[PDB]
């Protein structure tokens, strides 16, 4: 696919749809995660000592929102420039993941959780062309953070 002017136009459009409902899309995202892997729960300070995923936890929202924003930015950056650029932030991200005890095999958990989350977000406008575009953008961004973890470990 590569990321045509037409494919990028498709990710932008679909991210705008995600941000449009943070407390929902972020809580959905945590549940998809715990469905794909339950053990993940002990990781999160704000999930530990709980029984269910808190729904109005500021910490949870702020944090999951940041995740999706980062994947979208990555897709534009691919169409324009042809690449995903590693900055200060991506590097600090890599540190904190390691402290919290997160590994690589965790990443397809959060990917499927995100493709499924975006399929649920765009509904009928879904195309092969679009799936192809988010997949390209996640893959390309995971490649970068995993890189920074390994570096923090």
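If you superpose the two forms and keep the largest set of C-alpha atoms that fall within 1.5 Å, you have the rigid core. Positions refer to the first chain, counted from 1.
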State which stretch is farther from the displayed form on average in 8 other deposited structures of this protein, 122-130 or 108-116, counting RMS CA distance after fitting on the rigid core.
122-130
When mean C-alpha B-factors in the record are compared for 53-61 and 110-118, the larger belongs to 53-61
Quick check on the record: does 24-32 or 82-90 carry the larger mean Cα temperature factor?
82-90
Should residue 136 be placed in the lowest, middle or highest third of its chain by the C-alpha B factor in the entry?
lowest
Split into thirds by Cα B-factor across the chain's modelled residues, where does residue 46 land: lowest, middle or highest?
highest
Would you check the entry's CA temperature factor for residue 70 and let me know if it's in the chain's lowest, middle or highest third?
lowest
